[PDB]
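One chain comes next, on its own, written out as structure tokens in the form deposited in one PDB entry.
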């Protein structure tokens, strides 16, 4: 009902920039030896710190806040690894031109640490996404929208409490990315981005397989997990292994 307020309201893409979290530090102890146990524990600790900021971000995410508390918690639990790896590839791309894996300003992995972490192939998989960011010259606008799409890429096999509202919100963000890419090779760009998003499901499946394994054997492996991750994984693992998690694809 206000001509002025309507013209001044920031675009959804603009609000995404405003609510994007500041980069979080890992609190990496450079004195300790770079063994798998230490590096994986440090990364899990970093993950806990990041997820606290991700939750605060989702809370002010347009459209998301409108979903039932049950659906929000569910979406965050199902997509945390996807958001983590995607944001990792973005930082590596932005801050090191995809030369290294930039987990945090105080924790940058080169080939040596990827080997030392005991999850080398997984790191290479995430690094490959960063290499695609370079090949595509992905923009921060495209990135922020794609991250929202990842938050909405895995749902309960039987749907959310408000399945209709969710689909509506997902559709709008899809149109947003479609507008950003927007003409000539606009269709091709859109296609490449949605294809990249689909490829995230396979990578995340492998990352989770490893996450769940070190979680079950955390005592024998001496891999530590922060309360935030114990909380997420404890609940996520049984749902995923029971087949209650449904991946949403653009193609296939």
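Positions refer to the first chain, counted from 1.
Here the subject shifts to the form deposited with a partner chain bound, a form of this protein not shown in this document.
- Heavy atoms of no residue among 101, 123 and 131 are located within 4.5 Å of its partner chain in the entry with it bound.
- Among heavy atoms of residue 59, some come within 4.5 Å of its partner chain in the entry with it bound.
- Among residues of the shown chain, residue 73 is one whose heavy atoms approach its partner chain to within 4.5 Å in the entry with it bound.
- Although the partner is absent from this view, residue 77 contacts its partner chain in the entry with it bound, with a non-hydrogen atom inside 4.5 angstroms.
- Looking at residue 220, you'd find every heavy atom of it more than 4.5 angstroms from its partner chain in the entry with it bound.
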